[PDB]
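Undergrad: See structure-v4.txt below, with compact mmCIF, C-alpha atoms and all ligand atoms.
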# COMPACT_ATOMS: atom_id res chain seq x y z
CA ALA O 1 15.84 -5.54 19.43
CA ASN O 2 16.46 -2.16 17.79
CA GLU O 3 13.77 0.35 16.80
CA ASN O 4 15.80 1.10 13.67
CA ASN O 5 15.45 -2.41 12.27
CA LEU O 6 12.97 -3.05 9.47
CA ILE O 7 10.39 -5.83 9.29
CA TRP O 8 9.94 -7.40 5.84
CA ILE O 9 7.03 -9.72 5.14
CA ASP O 10 5.54 -11.66 2.25
CA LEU O 11 2.50 -13.90 2.07
CA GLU O 12 1.06 -16.35 -0.42
CA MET O 13 -2.72 -16.75 -0.53
CA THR O 14 -5.33 -18.96 -2.19
CA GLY O 15 -6.57 -15.87 -4.01
CA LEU O 16 -6.85 -12.07 -4.00
CA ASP O 17 -10.00 -11.59 -1.87
CA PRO O 18 -9.50 -11.49 1.93
CA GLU O 19 -13.20 -12.25 2.46
CA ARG O 20 -13.04 -15.64 0.75
CA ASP O 21 -9.36 -16.50 0.36
CA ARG O 22 -6.87 -17.53 3.03
CA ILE O 23 -3.17 -17.16 3.84
CA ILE O 24 -1.25 -20.30 2.86
CA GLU O 25 2.32 -19.15 3.44
CA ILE O 26 4.12 -16.50 5.46
CA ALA O 27 7.75 -15.46 5.61
CA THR O 28 9.44 -12.61 7.44
CA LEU O 29 12.96 -11.33 7.93
CA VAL O 30 14.62 -8.36 9.57
CA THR O 31 17.18 -5.99 8.07
CA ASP O 32 18.97 -2.95 9.44
CA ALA O 33 18.35 0.50 7.97
CA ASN O 34 20.91 -0.29 5.26
CA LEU O 35 19.17 -3.44 4.02
CA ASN O 36 21.52 -5.97 5.61
CA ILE O 37 19.52 -9.09 6.44
CA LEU O 38 20.10 -9.63 10.16
CA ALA O 39 17.95 -12.74 10.52
CA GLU O 40 15.34 -14.82 8.72
CA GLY O 41 12.02 -15.39 10.42
CA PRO O 42 10.08 -18.63 10.10
CA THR O 43 8.86 -19.73 6.66
CA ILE O 44 5.51 -21.28 7.46
CA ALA O 45 3.05 -23.08 5.22
CA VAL O 46 -0.26 -22.15 6.85
CA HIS O 47 -2.70 -25.03 7.12
CA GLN O 48 -6.04 -24.60 5.37
CA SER O 49 -8.77 -27.14 4.61
CA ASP O 50 -8.85 -29.15 1.39
CA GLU O 51 -12.20 -27.47 0.75
CA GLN O 52 -10.51 -24.06 0.85
CA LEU O 53 -7.70 -25.21 -1.44
CA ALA O 54 -10.24 -26.63 -3.88
CA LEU O 55 -11.51 -23.10 -4.48
CA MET O 56 -8.24 -21.82 -5.95
CA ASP O 57 -8.41 -20.76 -9.60
CA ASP O 58 -6.13 -22.03 -12.38
CA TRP O 59 -3.36 -19.49 -11.77
CA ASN O 60 -3.21 -20.29 -8.06
CA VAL O 61 -3.33 -24.05 -8.59
CA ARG O 62 -0.48 -23.92 -11.13
CA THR O 63 1.57 -21.51 -9.04
CA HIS O 64 1.21 -23.10 -5.62
CA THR O 65 1.58 -26.70 -6.81
CA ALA O 66 4.70 -25.90 -8.84
CA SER O 67 6.38 -24.50 -5.72
CA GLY O 68 5.23 -27.47 -3.67
CA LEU O 69 3.30 -25.19 -1.31
CA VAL O 70 -0.01 -27.04 -1.64
CA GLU O 71 1.53 -30.26 -0.32
CA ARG O 72 3.16 -28.34 2.53
CA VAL O 73 -0.16 -26.69 3.38
CA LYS O 74 -1.99 -30.02 3.61
CA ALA O 75 0.73 -31.47 5.86
CA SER O 76 1.01 -28.32 7.97
CA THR O 77 0.06 -28.43 11.64
CA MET O 78 0.17 -24.65 11.96
CA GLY O 79 -2.92 -22.58 11.24
CA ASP O 80 -3.26 -18.80 11.07
CA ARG O 81 -2.94 -18.21 14.82
CA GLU O 82 -0.04 -20.62 15.32
CA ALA O 83 1.80 -19.05 12.39
CA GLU O 84 1.03 -15.56 13.68
CA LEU O 85 2.34 -16.38 17.17
CA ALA O 86 5.49 -18.05 15.83
CA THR O 87 6.20 -14.99 13.69
CA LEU O 88 5.63 -12.62 16.61
CA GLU O 89 7.95 -14.64 18.84
CA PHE O 90 10.64 -14.08 16.22
CA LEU O 91 10.01 -10.38 15.58
CA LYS O 92 10.03 -9.50 19.30
CA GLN O 93 13.71 -10.47 19.36
CA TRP O 94 14.68 -7.94 16.68
CA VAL O 95 12.20 -5.06 16.50
CA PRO O 96 9.97 -3.34 19.10
CA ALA O 97 6.24 -3.19 18.38
CA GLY O 98 4.90 -0.24 16.39
CA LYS O 99 8.28 0.94 15.11
CA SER O 100 8.79 -0.55 11.66
CA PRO O 101 6.62 0.25 8.65
CA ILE O 102 5.47 -2.81 6.72
CA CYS O 103 8.18 -3.57 4.14
CA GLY O 104 7.65 -5.53 0.93
CA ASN O 105 6.20 -5.40 -2.60
CA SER O 106 2.62 -4.30 -3.36
CA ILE O 107 2.49 -4.71 0.39
CA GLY O 108 -0.96 -3.17 0.75
CA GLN O 109 -2.45 -6.42 -0.55
CA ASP O 110 -0.64 -8.51 2.07
CA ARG O 111 -1.67 -6.07 4.79
CA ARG O 112 -5.34 -6.64 3.93
CA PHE O 113 -4.91 -10.32 4.77
CA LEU O 114 -3.00 -9.46 7.94
CA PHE O 115 -5.85 -7.19 9.06
CA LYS O 116 -8.36 -10.01 8.63
CA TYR O 117 -6.43 -13.12 9.72
CA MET O 118 -3.44 -11.94 11.76
CA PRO O 119 -4.50 -8.63 13.39
CA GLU O 120 -1.99 -8.94 16.23
CA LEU O 121 0.85 -9.25 13.74
CA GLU O 122 -0.60 -6.40 11.65
CA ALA O 123 -0.65 -4.20 14.76
CA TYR O 124 3.01 -4.99 15.39
CA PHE O 125 3.86 -2.76 12.43
CA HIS O 126 3.90 1.03 12.44
CA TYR O 127 1.12 2.70 10.39
CA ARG O 128 3.57 3.46 7.59
CA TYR O 129 4.22 1.53 4.38
CA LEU O 130 7.56 0.91 2.66
CA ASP O 131 6.55 -0.54 -0.70
CA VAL O 132 9.55 -1.30 -2.90
CA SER O 133 7.29 -1.44 -5.97
CA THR O 134 7.18 2.36 -5.98
CA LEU O 135 10.74 2.47 -7.31
CA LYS O 136 10.02 -0.11 -10.01
CA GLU O 137 6.94 1.77 -11.15
CA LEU O 138 8.84 5.06 -11.30
CA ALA O 139 11.81 3.52 -13.13
CA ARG O 140 9.42 1.83 -15.55
CA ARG O 141 8.32 5.32 -16.55
CA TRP O 142 11.41 7.49 -16.06
CA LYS O 143 14.40 5.17 -16.54
CA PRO O 144 13.30 1.88 -18.20
CA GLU O 145 16.92 0.96 -18.94
CA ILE O 146 17.55 -0.19 -15.37
CA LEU O 147 14.49 -2.46 -15.37
CA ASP O 148 16.37 -5.20 -17.22
CA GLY O 149 19.16 -5.00 -14.65
CA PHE O 150 17.17 -6.83 -11.99
CA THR O 151 14.92 -9.79 -12.79
CA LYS O 152 12.14 -11.12 -10.58
CA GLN O 153 11.67 -14.89 -10.73
CA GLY O 154 7.95 -14.81 -9.97
CA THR O 155 7.90 -18.20 -8.24
CA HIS O 156 5.67 -16.90 -5.44
CA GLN O 157 7.69 -18.58 -2.70
CA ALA O 158 7.36 -16.43 0.43
CA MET O 159 10.95 -16.40 1.70
CA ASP O 160 12.59 -16.25 -1.73
CA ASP O 161 10.18 -13.44 -2.62
CA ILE O 162 10.85 -11.26 0.40
CA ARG O 163 14.62 -11.73 0.19
CA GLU O 164 14.29 -10.81 -3.48
CA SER O 165 12.43 -7.64 -2.49
CA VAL O 166 15.33 -6.64 -0.25
CA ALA O 167 17.81 -7.34 -3.05
CA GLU O 168 15.60 -5.39 -5.47
CA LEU O 169 15.54 -2.33 -3.21
CA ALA O 170 19.31 -2.53 -2.82
CA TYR O 171 19.56 -2.63 -6.61
CA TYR O 172 17.47 0.52 -6.96
CA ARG O 173 19.40 2.28 -4.21
CA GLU O 174 22.49 1.96 -6.40
CA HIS O 175 20.93 2.44 -9.84
CA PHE O 176 17.99 4.77 -9.19
CA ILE O 177 18.60 6.67 -5.95
CA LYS O 178 20.89 9.68 -5.71
CA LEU O 179 22.55 9.62 -2.28
CA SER Z 1 0.57 11.02 -25.12
CA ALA Z 2 -1.37 7.75 -24.87
CA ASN Z 3 -4.20 7.99 -22.34
CA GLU Z 4 -3.40 4.45 -21.23
CA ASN Z 5 -0.27 5.87 -19.62
CA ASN Z 6 -2.06 8.53 -17.58
CA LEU Z 7 -1.90 8.24 -13.79
CA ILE Z 8 -4.86 8.47 -11.43
CA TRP Z 9 -4.08 10.20 -8.15
CA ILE Z 10 -6.54 9.96 -5.29
CA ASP Z 11 -6.91 11.02 -1.69
CA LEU Z 12 -9.66 10.46 0.84
CA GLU Z 13 -10.50 11.80 4.28
CA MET Z 14 -12.37 9.50 6.68
CA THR Z 15 -14.05 9.62 10.10
CA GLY Z 16 -11.36 7.28 11.41
CA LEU Z 17 -8.88 4.54 10.48
CA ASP Z 18 -11.13 1.46 10.61
CA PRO Z 19 -13.09 0.58 7.41
CA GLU Z 20 -15.60 -1.45 9.43
CA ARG Z 21 -16.60 1.39 11.77
CA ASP Z 22 -15.56 4.53 9.88
CA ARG Z 23 -16.77 6.14 6.66
CA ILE Z 24 -15.39 8.21 3.79
CA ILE Z 25 -16.13 11.92 4.22
CA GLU Z 26 -14.13 13.44 1.37
CA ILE Z 27 -12.68 12.35 -1.96
CA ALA Z 28 -10.49 14.12 -4.50
CA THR Z 29 -8.80 12.94 -7.68
CA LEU Z 30 -6.60 14.32 -10.44
CA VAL Z 31 -4.89 12.92 -13.51
CA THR Z 32 -1.27 13.38 -14.57
CA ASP Z 33 0.73 11.96 -17.46
CA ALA Z 34 3.68 9.62 -16.83
CA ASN Z 35 5.91 12.61 -16.03
CA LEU Z 36 3.64 14.14 -13.38
CA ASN Z 37 2.19 16.90 -15.56
CA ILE Z 38 -1.30 17.56 -14.21
CA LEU Z 39 -3.71 17.16 -17.12
CA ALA Z 40 -7.01 17.67 -15.30
CA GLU Z 41 -8.44 18.03 -11.81
CA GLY Z 42 -11.25 15.77 -10.68
CA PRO Z 43 -14.14 16.73 -8.42
CA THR Z 44 -13.52 17.41 -4.73
CA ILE Z 45 -16.50 15.95 -2.92
CA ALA Z 46 -17.57 16.11 0.71
CA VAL Z 47 -19.27 12.74 1.18
CA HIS Z 48 -22.44 12.96 3.22
CA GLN Z 49 -22.63 10.81 6.34
CA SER Z 50 -25.11 10.83 9.25
CA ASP Z 51 -24.71 12.97 12.35
CA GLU Z 52 -24.65 9.68 14.26
CA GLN Z 53 -21.58 8.60 12.29
CA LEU Z 54 -19.87 11.97 12.71
CA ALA Z 55 -20.56 11.86 16.45
CA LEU Z 56 -18.31 8.79 16.62
CA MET Z 57 -15.14 10.63 15.53
CA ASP Z 58 -12.34 10.80 18.09
CA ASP Z 59 -10.62 13.99 19.26
CA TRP Z 60 -8.05 14.00 16.45
CA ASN Z 61 -10.69 13.60 13.75
CA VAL Z 62 -13.00 16.19 15.29
CA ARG Z 63 -10.20 18.76 15.53
CA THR Z 64 -8.82 17.98 12.09
CA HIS Z 65 -12.06 17.86 10.12
CA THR Z 66 -13.73 20.83 11.80
CA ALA Z 67 -10.63 23.00 11.37
CA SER Z 68 -10.80 22.41 7.61
CA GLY Z 69 -14.54 23.02 7.48
CA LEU Z 70 -15.12 19.49 6.19
CA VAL Z 71 -17.64 18.55 8.88
CA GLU Z 72 -19.96 21.38 7.84
CA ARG Z 73 -19.56 20.45 4.17
CA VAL Z 74 -20.33 16.81 5.01
CA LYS Z 75 -23.53 17.70 6.83
CA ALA Z 76 -24.72 19.90 3.95
CA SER Z 77 -23.63 17.44 1.26
CA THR Z 78 -26.26 15.76 -0.92
CA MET Z 79 -23.79 13.21 -2.25
CA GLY Z 80 -23.30 9.94 -0.39
CA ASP Z 81 -20.80 7.15 -1.10
CA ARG Z 82 -22.42 6.00 -4.35
CA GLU Z 83 -23.10 9.48 -5.71
CA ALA Z 84 -19.51 10.51 -4.97
CA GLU Z 85 -18.20 7.30 -6.52
CA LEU Z 86 -20.24 7.80 -9.69
CA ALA Z 87 -19.21 11.45 -10.02
CA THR Z 88 -15.55 10.48 -9.66
CA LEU Z 89 -15.87 7.72 -12.26
CA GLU Z 90 -17.65 10.12 -14.62
CA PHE Z 91 -14.52 12.26 -14.51
CA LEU Z 92 -11.92 9.48 -14.68
CA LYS Z 93 -13.52 7.79 -17.71
CA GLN Z 94 -12.77 10.97 -19.66
CA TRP Z 95 -9.03 10.68 -19.04
CA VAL Z 96 -7.86 7.15 -18.24
CA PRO Z 97 -9.02 3.69 -19.37
CA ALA Z 98 -10.18 1.21 -16.72
CA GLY Z 99 -7.56 -1.07 -15.17
CA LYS Z 100 -4.51 0.78 -16.49
CA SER Z 101 -3.33 3.13 -13.75
CA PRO Z 102 -1.95 1.93 -10.42
CA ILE Z 103 -3.46 3.75 -7.45
CA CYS Z 104 -1.31 6.84 -6.84
CA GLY Z 105 -0.96 8.74 -3.58
CA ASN Z 106 0.56 8.65 -0.08
CA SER Z 107 0.20 5.66 2.29
CA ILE Z 108 -2.35 4.79 -0.36
CA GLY Z 109 -3.04 1.29 0.92
CA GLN Z 110 -5.11 2.81 3.73
CA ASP Z 111 -7.29 4.69 1.24
CA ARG Z 112 -7.64 1.57 -0.90
CA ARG Z 113 -9.10 -0.34 2.07
CA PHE Z 114 -11.95 2.18 2.18
CA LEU Z 115 -12.43 2.01 -1.58
CA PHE Z 116 -12.74 -1.79 -1.42
CA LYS Z 117 -15.42 -1.44 1.26
CA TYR Z 118 -17.45 1.57 0.14
CA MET Z 119 -16.55 2.29 -3.50
CA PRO Z 120 -15.68 -1.08 -5.08
CA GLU Z 121 -16.44 0.06 -8.62
CA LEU Z 122 -13.97 2.93 -8.27
CA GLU Z 123 -11.43 0.61 -6.62
CA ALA Z 124 -11.77 -1.76 -9.59
CA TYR Z 125 -11.05 1.10 -12.00
CA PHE Z 126 -7.41 0.99 -10.88
CA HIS Z 127 -4.79 -1.52 -11.97
CA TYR Z 128 -3.67 -3.97 -9.22
CA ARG Z 129 -0.44 -2.03 -8.69
CA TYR Z 130 0.40 0.64 -6.14
CA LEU Z 131 2.40 3.85 -6.57
CA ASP Z 132 2.98 5.07 -3.02
CA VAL Z 133 5.05 8.25 -2.78
CA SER Z 134 5.72 7.56 0.91
CA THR Z 135 8.31 4.96 -0.09
CA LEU Z 136 10.68 7.74 -1.16
CA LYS Z 137 10.14 9.67 2.06
CA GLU Z 138 10.82 6.56 4.13
CA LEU Z 139 14.02 5.88 2.20
CA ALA Z 140 15.17 9.51 2.42
CA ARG Z 141 14.39 9.52 6.14
CA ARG Z 142 16.94 6.73 6.57
CA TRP Z 143 19.51 7.36 3.81
CA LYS Z 144 19.42 11.12 3.17
CA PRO Z 145 17.55 12.92 6.02
CA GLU Z 146 18.72 16.32 4.74
CA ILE Z 147 16.29 16.49 1.82
CA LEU Z 148 13.27 15.96 4.08
CA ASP Z 149 13.63 19.55 5.29
CA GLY Z 150 13.46 20.81 1.71
CA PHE Z 151 9.79 19.91 1.37
CA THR Z 152 7.17 21.00 3.89
CA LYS Z 153 3.71 19.46 4.16
CA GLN Z 154 0.70 21.31 5.57
CA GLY Z 155 -0.88 18.30 7.27
CA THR Z 156 -4.35 19.86 7.10
CA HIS Z 157 -5.95 16.73 5.66
CA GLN Z 158 -7.89 18.44 2.89
CA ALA Z 159 -8.32 15.95 0.04
CA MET Z 160 -7.51 18.07 -3.01
CA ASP Z 161 -4.72 20.03 -1.35
CA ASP Z 162 -3.29 16.74 -0.11
CA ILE Z 163 -3.26 14.96 -3.45
CA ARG Z 164 -1.77 17.97 -5.24
CA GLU Z 165 0.84 18.09 -2.49
CA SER Z 166 1.58 14.40 -3.05
CA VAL Z 167 2.32 15.00 -6.74
CA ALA Z 168 4.52 17.95 -5.79
CA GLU Z 169 6.30 15.82 -3.19
CA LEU Z 170 7.07 13.18 -5.81
CA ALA Z 171 8.34 15.84 -8.22
CA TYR Z 172 10.55 17.10 -5.39
CA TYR Z 173 12.07 13.66 -4.89
CA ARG Z 174 12.56 13.14 -8.62
CA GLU Z 175 14.73 16.26 -8.58
CA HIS Z 176 16.61 15.74 -5.30
CA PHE Z 177 16.59 12.00 -4.59
CA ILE Z 178 16.32 10.21 -7.93
CA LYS Z 179 19.21 9.48 -10.29
CA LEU Z 180 17.83 9.83 -13.82
ZN ZN J 1 5.38 -14.07 -2.53
ZN ZN J 2 2.65 -14.26 -4.28
ZN ZN J 3 -5.82 13.77 2.77
ZN ZN J 4 -6.08 12.46 5.75
Let me see the structure of the file written as structure tokens.
Ligand SMILES: [Zn+2]
Ligand SMILES: [Zn+2]
Ligand SMILES: [Zn+2]
Ligand SMILES: [Zn+2]

TA:
Amino acid sequence: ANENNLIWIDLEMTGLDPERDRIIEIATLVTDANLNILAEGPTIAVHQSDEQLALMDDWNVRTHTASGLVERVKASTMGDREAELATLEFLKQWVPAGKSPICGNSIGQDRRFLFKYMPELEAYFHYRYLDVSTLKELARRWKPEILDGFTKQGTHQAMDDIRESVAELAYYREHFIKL
Amino acid sequence: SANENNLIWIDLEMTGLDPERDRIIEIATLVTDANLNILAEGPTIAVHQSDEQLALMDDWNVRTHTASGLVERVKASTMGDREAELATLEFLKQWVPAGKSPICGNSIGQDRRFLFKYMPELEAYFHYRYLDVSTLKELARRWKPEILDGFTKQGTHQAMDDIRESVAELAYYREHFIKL
């Protein structure tokens, strides 16, 4: 465990509202300060009732069935707490509690779900945010040319998504950041 | 320029960090174009809250919000959550269309949590996206620590001064940390 390591996380949910929707997939990984992936955390399909899944709208049904997540959710024997604990067991081996900001894309949305369903995991992060989307939004406005250089697949698969976020930040470090 | 490309910057001050137990006590907004040129300043409003609520603030919040004079402004304010939300929207509608601008600011996800809870109409005025200036600071802190000393923050937690400072901080990074 090193206080300089960063915790990256991505979730998939049944919808956008924490009050009615639930977490259906979680993936985490740890990188050093230079974005080298040191280890992949568990990729867990979080079990939720069929009733909950039946509430998903068209976009969510199309998206989460195409990735095969829905089937994994129904067969999952790990609910929110079990997934939270498994993730914490992993993180404790690489990063001390309260040291790493939450790293990801449009990460504020994921954090809302962490606050409501996985508060212990949420508390493991430092207050700070490290949202890669900031660079994309700035480039979109100040240097659009580099936008076509990196393409997001938009498959909404937790582990592929978070690894993609790390690769995206690395891309901007080279093409948008002046070291 | 097209108003649809204008950016909405916002900063709040609260009685604490928990949306369930704390309340918004100050709100400030401003609008810039895509290149950070400030086009107009929104209202800076001390949001009225009960003395009971204020009495729940911890040491940090008491010191911080009394030093800025916010507590006194809050007690004398005649504008609660809804009134402050409506006044802010009255301003924003004059400069940016609904659902176009991402929420702009620093560690902005924290502020958004309070908007979702107490000012959902204002929260909905923003596009889904986030534009958090803190990302650049966090990257500079790890890849180019030197530039951090070139920009000093006041840390007084005054809504309008804070949001203007956030725009200035971003402009600073565009000049010293971004490769255009
Ligand atoms: Zn995802
Ligand atoms: Zn997703
Ligand atoms: Zn502030
Ligand atoms: Zn503040």

Undergrad: To one decimal in Å, tell me the separation between CA of residue 53 in chain O and CA of residue 153 in chain O.

TA: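 Interatomic distance, CA of residue 53 in chain O to CA of residue 153 in chain O: 23.8 Å.
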
Undergrad: Work out how far CA of residue 82 in chain Z is from CA of residue 53 in chain Z, in Å to one decimal.

TA: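 Interatomic distance here is 16.9 Å.
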
Undergrad: Only residues of chain Z matter here; which ones have an atom within 6 Å of chain O, counting only C-alpha atoms? Give them as JSON, numbers by chain.

TA: {"Z": [109, 131, 132, 135, 177, 178, 179]}

Undergrad: What's the separation between CA of residue 126 in chain Z and CA of residue 99 in chain Z, in Å to one decimal place?

TA: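 Going from CA of residue 126 in chain Z over to CA of residue 99 in chain Z, I get 4.8 Å.
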
Undergrad: Counting only C-alpha atoms, which of O:52, O:28, O:36, O:76 gets nearest to residue 89 in chain O?

TA: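 Checking each candidate against residue 89 in chain O, we get O:28 as the closest.
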
Undergrad: Please find the residues contacting ligand ZN 4 (chain J) at a distance of at most 9 Å between atoms, with only C-alpha atoms and all ligand atoms counted, and report them as a list in words.

TA: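 Those residues are residues 11, 12, 13, 14, 64, 155, 156, 157, 158, 159 and 162 of chain Z.
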
Undergrad: Taking only C-alpha atoms into account, name the residue in O:13, O:167, O:27, O:56 that is nearest to residue 152 in chain O.

TA: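 Nearest to residue 152 in chain O: O:167.
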
Undergrad: Kindly compile the residues surrounding ligand ZN 2 (chain J) within 8 Å, counting all atoms listed in the file, and format them as JSON, numbers by chain.

TA: {"O": [10, 11, 12, 13, 154, 155, 156, 157, 158, 161]}

Undergrad: Every residue with an atom at most 12 Å from (-23.4, 11.0, 13.8) (file coordinates; all atoms listed in the file) is what I'm after, so could you write them as an NGL selection string?

TA: :Z and (15 or 21-23 or 48-58 or 62 or 71 or 74-75)

Undergrad: Would you list the contacts of residue 122 in chain Z as a CSV table (one decimal) with C-alpha atoms, in the coordinates of the input, taking every protein, DNA or RNA residue within 12 Å and counting all atoms listed in the file, but skipping same-chain residues closer than 6 positions in sequence?

TA:
chain,number,residue,atom,x,y,z
Z,8,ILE,CA,-4.9,8.5,-11.4
Z,10,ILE,CA,-6.5,10.0,-5.3
Z,27,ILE,CA,-12.7,12.4,-2.0
Z,29,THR,CA,-8.8,12.9,-7.7
Z,81,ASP,CA,-20.8,7.2,-1.1
Z,82,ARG,CA,-22.4,6.0,-4.4
Z,83,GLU,CA,-23.1,9.5,-5.7
Z,84,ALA,CA,-19.5,10.5,-5.0
Z,85,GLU,CA,-18.2,7.3,-6.5
Z,86,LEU,CA,-20.2,7.8,-9.7
Z,87,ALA,CA,-19.2,11.4,-10.0
Z,88,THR,CA,-15.6,10.5,-9.7
Z,89,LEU,CA,-15.9,7.7,-12.3
Z,90,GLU,CA,-17.6,10.1,-14.6
Z,91,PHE,CA,-14.5,12.3,-14.5
Z,92,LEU,CA,-11.9,9.5,-14.7
Z,93,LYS,CA,-13.5,7.8,-17.7
Z,98,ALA,CA,-10.2,1.2,-16.7
Z,99,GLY,CA,-7.6,-1.1,-15.2
Z,101,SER,CA,-3.3,3.1,-13.8
Z,103,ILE,CA,-3.5,3.8,-7.4
Z,111,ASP,CA,-7.3,4.7,1.2
Z,112,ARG,CA,-7.6,1.6,-0.9
Z,113,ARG,CA,-9.1,-0.3,2.1
Z,114,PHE,CA,-12.0,2.2,2.2
Z,115,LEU,CA,-12.4,2.0,-1.6
Z,116,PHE,CA,-12.7,-1.8,-1.4

Undergrad: Have a look at O:67, O:49, O:43, O:100 and name the one nearest to residue 1 in chain O; count only C-alpha atoms.

TA: O:100
